[PDB]
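Enquirer: Below you will find the structure I want to go over with you.
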Amino acid sequence: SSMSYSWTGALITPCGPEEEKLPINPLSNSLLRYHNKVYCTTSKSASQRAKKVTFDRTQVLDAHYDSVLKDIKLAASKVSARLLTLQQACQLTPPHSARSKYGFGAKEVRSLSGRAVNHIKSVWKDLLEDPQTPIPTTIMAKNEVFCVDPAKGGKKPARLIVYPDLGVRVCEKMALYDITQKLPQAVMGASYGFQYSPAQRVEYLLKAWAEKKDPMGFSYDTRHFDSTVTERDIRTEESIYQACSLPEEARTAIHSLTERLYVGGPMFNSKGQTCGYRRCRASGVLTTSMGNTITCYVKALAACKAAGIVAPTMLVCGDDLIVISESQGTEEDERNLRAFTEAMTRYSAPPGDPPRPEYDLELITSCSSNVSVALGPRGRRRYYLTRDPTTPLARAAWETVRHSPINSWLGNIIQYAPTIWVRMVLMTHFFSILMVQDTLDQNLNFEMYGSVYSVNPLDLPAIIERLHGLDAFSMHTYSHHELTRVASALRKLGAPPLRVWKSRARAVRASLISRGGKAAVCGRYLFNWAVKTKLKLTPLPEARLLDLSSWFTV
Ligand SMILES: [Mn+2]
Ligand SMILES: [Mn+2]
């Protein structure tokens with residue numbers, strides 16, 4: 001039926017300047033050596049991406065899909081959602097959000113400037129009055145950093161980002177922001193993945209695994225998910241939104257945004273030239289995350305019915321899915337997963353990599369992470385969330401005139417504090433850098449799900465205990481998979497091996513302790529793994545007074 005995109009031949013041009021690596025990387029050339037391997041995706045590869053995601057979608061639904069969709073609409077109907085005032089929506093605009101073609105930017109929006117408020121007022125009226133004229137969007141290449149993979153062609157091409165003007169983005173929040181805060185939990189409950197901290201995610205997956213008599217689990221991820229979303233998927237998303245109790249003015253704007261923006265529209269490059277036409281999800285609209293997660297859930301739950309998955313417990317984040325279910329024996333499990341994949345392919349969610357049943361929790365990777373196991377000194381098994389450290393380490397080494405990688409370091413330290421690579425490598429490097437700079441007490445930003453939280457490095461012990469438990473400071477015996485992966489990624493990036501990081505951490509620890517105060521607490525808690533004679537760590541009173549509850553929610 002419909003093509004995901006069509007193209008005029010105009011270039012996807014850069015949105016301003018694209019940074020050069022410099023001949024010296026002074027903050028990370030003591031972390032790793034192979035800086036040649038660290039690269040940033042740019043508009044230069046945007047055309048290769050465009051080719052890869054342009055294809056004809058043919059979508060065939062069935063009675064399982066219809067039954068699931070009915071249950072989801074009924075679940076939606078329990079939600080009451082309100083319009084945000086124009087001013088409320090204005091003040092949720094991030095401080096550096098891309099400015100408007102109409103001579104104002106995020107600063108004016110956040111301060112309720114007269115010019116910006118009046119312009120947005122007219123954008124909203126036009127939404128209530130015109131349910132049809134397509135809204136123009138800008139297309140740009142995502143700039144993000146990876147390590148070269150020769151096994152996969154060297155450098156990945158940049159993702160495509162598609163977004164409307166700042167005035168429209170404010171209007172989207174007026175109509176749909178409150179729905180984004182309520183709909184996913186309402187239709188998915190515990191299956192909604194973007195409500196869990198790493199430790200809570202682990203706990204959820206362990207609980208599901210344990211309650212199967214004979215558990216089987218698998219992961220599923222869709223190839224180029226946004227381009228596989230059909231105009232009919234998007235209209236079905238509106239009908240799920242419309243299932244909630246909404247004032248009529250919201251219903252009118254929701255429909256108008258769907259027909260004029262969400263289902264498709266023309267795309268212009270940063271130079272204003274017409275560039276193509278979109279008939280799929282625009283990654284950049286307010287409903288991208290919620291839409292992906294709900295549509296993924298509809299298709300996946302229906303495909304579970306198609307395939308005969310027994311007693312499925314799901315975890316869905318965007319287009320990432322884990323299903324833990326009752327095994328029917330490996331032979332039927334293999335067939336069922338093929339049925340699952342075939343059904344998802346009919347629903348227009350074809351697989352990136354073919355899914356495979358697994359019977360060991362460590363071997364299932366979803367949303368770029370997996371559960372692993374370490375011991376204490378106790379022999380007591382402790383489970384925690386980890387991931388391949390390759391991309392975390394590459395981003396740790398991106399340094400330009402415009403970009404400092406230190407927030408990146410801190411983010412990984414916070415999210416993956418129990419891991420051996422954070423504890424021995426990133427933590428060691430982080431405190432070493434900040435000590436030599438004498439900036440240990442200068443706050444840094446932790447960035448997660450579009451929010452920024454101010455963090456003082458010297459509070460990391462309390463933050464980590466609050467998020468991960470004191471066990472995060474005493475994991476002893478890591479798993480074979482995890483040791484292999486971490487050693488391999490350090491070799492791949494030219495970083496010192498773990499034994500060298502141990503020697504460095506002994507020195508960092510001694511320096512931290514010698515400074516007394518909070519710094520000494522960092523040394524004793526975060527680097528207890530480094531010394532032969534372990535100190536007995538006790539609960540930190542400050543951790544009880546931390547409300548980190550919004551850090552890993554939307
Ligand atoms: Mn995907
Ligand atoms: Mn994915």
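Note: ideal-geometry Cβ built from the backbone for every residue, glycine included; neighbour counts use all protein chains shown. Numbers and lists here come from the model and the stated rules, or from a named source; no laboratory instrument gave them.
Enquirer: Are any residues in region 495-533 touching a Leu at 6+ places or on another chain (Cβ under 7 Å) and loosely packed, with under 15 Cβ neighbours inside 10 Å, and if so, which ones?
Expert: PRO497
Enquirer: Moving to a separate point now. List the number of the failed condition for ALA199; all other conditions in (1) free of Cβ contacts under 8 Å to residues at least 60 places away in the same chain; (2) surrounded by fewer than 22 Cβ atoms within 10 Å (Cβ to Cβ) hold.
Expert: Every condition holds for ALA199 apart from (1).
Enquirer: For residues that are out of contact with any helix residue (DSSP H, G or I) (no Cβ under 7 Å at 6 or more places or on another chain) and free of Cβ contacts under 8 Å to residues at least 40 places away in the same chain, scanning just region 473-494, find the one that is surrounded by the fewest Cβ atoms within 10 Å (Cβ to Cβ).
Expert: This residue is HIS480.
Enquirer: Of all the residues that make up region 43-65, how many are of a type in the set (A, V, I, L, M, F, W, C), surrounded by 14 or more Cβ atoms within 10 Å (Cβ to Cβ) and assigned to a helix (DSSP H, G or I)? Explain how you work it out, then say what you get.
Expert: Quick first cut of region 43-65, residues of a type in the set (A, V, I, L, M, F, W, C) only: 46, 50, 53, 55, 60-61, 63.
Keeping just the survivors that are surrounded by 14 or more Cβ atoms within 10 Å (Cβ to Cβ) gives 46, 50, 53, 55, 61.
Then drop every residue that is not assigned to a helix (DSSP H, G or I), which leaves 46, 50, 53.
Looking only at that region, the number is 3.
Enquirer: Let me ask another. Just to verify a result, which residue in region 171-216, among those that are within 26 Å of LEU286 (Cβ to Cβ) and hydroxyl-bearing (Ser, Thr, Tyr), is farthest from ligand 2 (Cβ to nearest atom)?
Expert: Top of the filtered list is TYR177.
Enquirer: Would you mind finding the one in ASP214, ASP233 that is within 16 Å of ligand 1 (Cβ to nearest atom) and of a type in the set (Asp, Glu)?
Expert: Numbers: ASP214 fails: within 16 Å of ligand 1 (Cβ to nearest atom).
It is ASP233.
Enquirer: Please determine whether any residue of region 71-80 is without any contact (Cβ under 8 Å) to a residue 24 or more places away in the chain, on the phi < 0 side of the Ramachandran plot and assigned by TED's automatic domain parsing to the domain that holds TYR241. Steps first, please.
Expert: Filtering region 71-80 for residues without any contact (Cβ under 8 Å) to a residue 24 or more places away in the chain gives 71.
Of the ones still in play, those that are also on the phi < 0 side of the Ramachandran plot are 71.
Narrowing the set further to residues that are assigned by TED's automatic domain parsing to the domain that holds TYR241 leaves 71.
The answer is yes, given that some residue of region 71-80 is without any contact (Cβ under 8 Å) to a residue 24 or more places away in the chain, on the phi < 0 side of the Ramachandran plot and assigned by TED's automatic domain parsing to the domain that holds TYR241.
Enquirer: Output the residue which, of all residues in region 350-387 that are in contact with a helix residue (DSSP H, G or I) (Cβ under 6 Å, 6 or more places away or on another chain) and within 16 Å of ligand 1 (Cβ to nearest atom), is nearest to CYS40 (Cα to Cα).
Expert: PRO351
Enquirer: When you check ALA343 against the structure, is it surrounded by fewer than 19 Cβ atoms within 10 Å (Cβ to Cβ), assigned to a helix (DSSP H, G or I) and more than 16 Å from ligand 2 (Cβ to nearest atom), yes or no?
Expert: So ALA343 does not fit the description; no.
Enquirer: Checking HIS224 against (1) within 16 Å of ligand 1 (Cβ to nearest atom); (2) touching a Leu at 6+ places or on another chain (Cβ under 9 Å); (3) not acidic (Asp, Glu), which single condition isn't satisfied?
Expert: (2)
Enquirer: Still on this structure: Determine, yes or no, whether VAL187 is within 29 Å of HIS403 (Cα to Cα), assigned by TED's automatic domain parsing to the domain that holds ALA116, away from ligand 1 (no atom under 16 Å from the Cβ) and among the aliphatic types (A, V, I, L, M).
Expert: Answer is no for this residue.
Enquirer: Still on this structure, please answer the following. Out of the residues in region 217-249 that are within 16 Å of ligand 2 (Cβ to nearest atom) and among the aromatic types (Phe, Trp, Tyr), state the one that is nearest to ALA343 (Cα to Cα).
Expert: Per the criteria, the residue is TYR220.
Enquirer: Got at least one residue in region 328-349 being under 30 Å from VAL123 (Cβ atoms), out of contact with any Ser or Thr (no Cβ under 6 Å at 6 or more places or on another chain) and within 16 Å of ligand 1 (Cβ to nearest atom)? Spell out how you get there, then give the answer.
Expert: Narrowing region 328-349 to residues under 30 Å from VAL123 (Cβ atoms): none.
There is no residue in region 328-349 that is under 30 Å from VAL123 (Cβ atoms), out of contact with any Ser or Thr (no Cβ under 6 Å at 6 or more places or on another chain) and within 16 Å of ligand 1 (Cβ to nearest atom).
Enquirer: Report whether or not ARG338 is of a type in the set (D, E, K, R), surrounded by fewer than 20 Cβ atoms within 10 Å (Cβ to Cβ) and either within 16 Å of ligand 2 (Cβ to nearest atom) or farther than 23 Å from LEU498 by Cα (or both).
Expert: Values: of a type in the set (D, E, K, R): yes; surrounded by fewer than 20 Cβ atoms within 10 Å (Cβ to Cβ): yes; either within 16 Å of ligand 2 (Cβ to nearest atom) or farther than 23 Å from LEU498 by Cα (or both): yes.
When the stated conditions are applied, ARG338 passes them.
Enquirer: Now a separate question. Return yes when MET188 is closer than 23 Å to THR365 by Cβ and within 23 Å of the chain's Cα centre (by Cα) and no when it is not.
Expert: Values: closer than 23 Å to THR365 by Cβ: yes; within 23 Å of the chain's Cα centre (by Cα): yes.
Criteria met by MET188.
Enquirer: Same structure again: Go through (1) surrounded by fewer than 21 Cβ atoms within 10 Å (Cβ to Cβ); (2) within 16 Å of ligand 2 (Cβ to nearest atom); (3) on the phi < 0 side of the Ramachandran plot for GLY318 and report which single condition fails.
Expert: (3)
Enquirer: If you don't mind, there's one more thing I want to ask. Answer yes if at least one residue in region 274-287 is charged (D, E, K, R), surrounded by fewer than 24 Cβ atoms within 10 Å (Cβ to Cβ) and assigned to a helix (DSSP H, G or I), and no otherwise.
Expert: Checking region 274-287: not a single residue is charged (D, E, K, R), surrounded by fewer than 24 Cβ atoms within 10 Å (Cβ to Cβ) and assigned to a helix (DSSP H, G or I).
Enquirer: Within the group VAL323, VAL298, which residue is within 16 Å of ligand 2 (Cβ to nearest atom) and either surrounded by 22 or more Cβ atoms within 10 Å (Cβ to Cβ) or not aliphatic (A, V, I, L, M) (or both)?
Expert: Testing whether each residue is within 16 Å of ligand 2 (Cβ to nearest atom) and either surrounded by 22 or more Cβ atoms within 10 Å (Cβ to Cβ) or not aliphatic (A, V, I, L, M) (or both) leaves just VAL323.
Enquirer: Cβ contacts < 6 Å: first residue within 18 Å of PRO131 (Cα to Cα), restricted to region 147-174; second residue small (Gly, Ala, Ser) and outside any loop (DSSP other than H, G, I, E, B), any location; separation 6+ or different chain. Result?
Expert: Final answer for the pair search is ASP165/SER100; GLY167/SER100; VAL170/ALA89; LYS173/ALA89; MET174/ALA89.
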